[PDB]
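Okay, here we've got a single chain as structure tokens, the form deposited in one PDB entry, with questions on binding and movement later.
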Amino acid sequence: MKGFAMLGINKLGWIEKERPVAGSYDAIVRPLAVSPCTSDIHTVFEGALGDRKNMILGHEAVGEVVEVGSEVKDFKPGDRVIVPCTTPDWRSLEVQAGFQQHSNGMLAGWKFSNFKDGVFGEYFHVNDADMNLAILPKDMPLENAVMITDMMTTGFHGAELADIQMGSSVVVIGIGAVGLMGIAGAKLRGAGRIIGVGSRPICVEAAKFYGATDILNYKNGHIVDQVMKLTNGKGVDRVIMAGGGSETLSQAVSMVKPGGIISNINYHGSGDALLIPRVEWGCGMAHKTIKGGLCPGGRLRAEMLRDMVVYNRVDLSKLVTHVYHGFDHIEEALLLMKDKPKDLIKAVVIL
């Protein structure tokens, strides 16, 4: 079958890969709409996963079940489904410990464009269909549905890990797609003041739309000083790290109140060392908790998020700035993701 893959480091191209076969509990899905991700860029142009040879890219997609294994009972061919980027192996000790995203290994829940071929192919494999798929509502716009697969689940996970309280002040560093969802999630957790950090005009408007009460731009001051000024030297209760370099951790620690929580959902892949400012971290006694983790996946997660969209708890349309029709547009969309033009948040390719 045809599939857009990473030929080699810094080399992209369409290839003729084999068609995946479904195991007894698996499903073969044909993509209806997909979306390129920053991670795809990191994998190819930054060798985040080493020299992957001819591995199909993509992990964000909604599609149609084409084939189903003999044991799949809840999903059958023809079923339109939302595919969470994280598809864990539900039968593992990690799952029993309550950490699905790490079933059988650290970050093992993330299989697409890692352990196996991604969604940028005529067909892709989904392990344990009954446990990793969710039905796509008949009237849900494809572009929006694709946003659930990673953007929504990740951003919301940032807000969840942040353990936000009713009225908590929150700072979201990085207002890209994930950051915007972090803002949306923060608001949906009862956050009061939400300060989004970014400069891209399109992202700024989206940030405000999702709940940002204040917008800070690096271009006019050290972010911590700006936050401090806005909070009258008090600082903020929570900080969600969604974008930026490793230095953001230091900034997060510096702007969060002692006893606050810093939630990281930014997949760092460049500087090999995130640093905690000793003095600002109260020498490790300021009670400034630091959390960070891969977005939850699986059927339940997808269904719960889906239901939130169905009940209009969040409008994912604002994340989609570019929509292409026709499989061939994947390359252009991915390159767009690499070049990062000023008016881009997310791009969806509807087949």
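Residues carry their position along the shown sequence, with the first being 1.
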{"item": "159-167 set against 233-241, stretch whose average Cα temperature factor tops the other in the entry", "value": "233-241"}
{"item": "Per the entry, higher mean C-alpha B factor between 100-108 and 120-128", "value": "100-108"}
{"item": "Selection by C-alpha B-factor (highest) of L188, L275, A206, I265", "value": "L275"}
{"item": "Peak C-alpha temperature factor (PDB record), options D51, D307, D315, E60", "value": "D51"}
{"item": "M255 CA temperature factor, ranked by third within the chain", "value": "middle"}
{"item": "Third assignment of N144 from its chain's C-alpha B-factors", "value": "lowest"}
{"item": "CA B-factor placement of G284, once the chain's modelled residues are sorted into thirds", "value": "highest"}
{"item": "Cα B factor band for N217 (lowest, middle or highest third within the chain)", "value": "highest"}
{"item": "CA B-factor placement of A27, once the chain's modelled residues are sorted into thirds", "value": "middle"}
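What follows is about the form deposited with a small molecule bound, which we do not show.
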property	result
4.5 Å heavy atom contact, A162 to the small molecule in the bound PDB entry	no
Touches the small molecule in the bound PDB entry: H42 (any heavy atom, 4.5 Å)	yes
Interface membership of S199, the small molecule in the bound PDB entry, 4.5 Å heavy atom rule	yes
Interface membership of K340, the small molecule in the bound PDB entry, 4.5 Å heavy atom rule	yes
Contact test, all of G174, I265 and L294, partner the small molecule in the bound PDB entry, heavy atom 4.5 Å	yes
Option touching the small molecule, based on a heavy atom within 4.5 Å in the bound PDB entry, out of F156, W110, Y123, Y210	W110
Partner-contacting position among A184, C85, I194, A252 - heavy atom within 4.5 Å of the small molecule in the bound PDB entry	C85
Stretch in contact, per heavy atom within 4.5 angstroms of the small molecule in the bound PDB entry, of 92-100, 123-131, 226-234, 166-174	166-174
